[PDB]
């Protein structure tokens, strides 16, 4: 839908993952992030950024589905360099 609202969803749920205790909290937070990226996926270049982000989130869901909470949390932190790469280029 809206771009600013997609960024809010991504930024807010990333903290929910950082503060999560179990796999169900992580698995749900990533599902909202995946939906916000695919929704933003709509010069590009810019659009391929969101394609990369969808992939990384997707691989983190496997970890959460297997019960690997610690590694799912580790994988979510590596997303930040995709986030920053866009900002550093298109801002």
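Residue numbers count along the first chain shown, from 1.
- The segment from residue 65 to residue 66 is modelled without interruption, since every residue of the deposited sequence in that interval carries coordinates.
- In this entry, 33-41 has the higher mean Cα B-factor, the comparison being between 51-59 and 33-41.
- Annotation for 80-88 versus 1-9: the higher mean temperature factor (C-alpha) is found in 1-9.
- The PDB entry assigns residue 75 a C-alpha temperature factor belonging to the lowest third of its chain's modelled residues.
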